[PDB]
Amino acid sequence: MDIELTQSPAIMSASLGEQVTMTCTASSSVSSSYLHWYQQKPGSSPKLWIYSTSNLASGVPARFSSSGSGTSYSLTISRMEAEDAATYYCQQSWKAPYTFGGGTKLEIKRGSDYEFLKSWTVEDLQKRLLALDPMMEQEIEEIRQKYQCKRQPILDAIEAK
């Protein structure tokens, strides 16, 4: 009987400065010290963000907080910033196999509009500009590997002679 972790909502869009709270609910009780949270931006590996329900990994800004116990846990951003746009996973490290939640993708509401964009600081703007490169590189790389897939049976038929 594996411990299913369910994350609501699966996606949520928020405007900067808002306070956002995403949740994780287990199928059975898990002690608080084994519930954890990870953040993943595209193109890079998950980062441990919060361990044991209420401890911030190093480098995790103080606007992040988390609480819960039993079968309901939650992660909260106080005053969201552009860079908190990511996918957040809960995970229990209690019963093997050590299952993850389905994720919550946190997007910037109305972020792709010059109307809203010019009210950002110059810093949040240029950090956001560069945050586009990993996304683009993942898409290109997914294409390159699709064509290594297409190149394969041709190379297998050229040498089947």
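Counting begins at 1, following the sequence as shown.
When the two stretches 108-116 and 128-136 are set side by side, the higher mean Cα temperature factor goes to 108-116. Legend: mean Cα B-factor per stretch from the PDB entry, 19-27 versus 149-157; the higher mean is in 149-157.
Placement of the Cα temperature factor of residue 103 within the chain: lowest third of the modelled residues, per the deposited record. In this PDB entry, residue 43 carries a Cα temperature factor that places it within the highest third of its chain's modelled residues. Among all modelled residues in its chain, residue 65 ranks in the lowest third by Cα B-factor. When the modelled residues of the chain are ordered by their C-alpha B factor, residue 72 lands in the middle third.
Ranked within its chain, residue 55 lands in the lowest third, by CA B factor from the PDB record.
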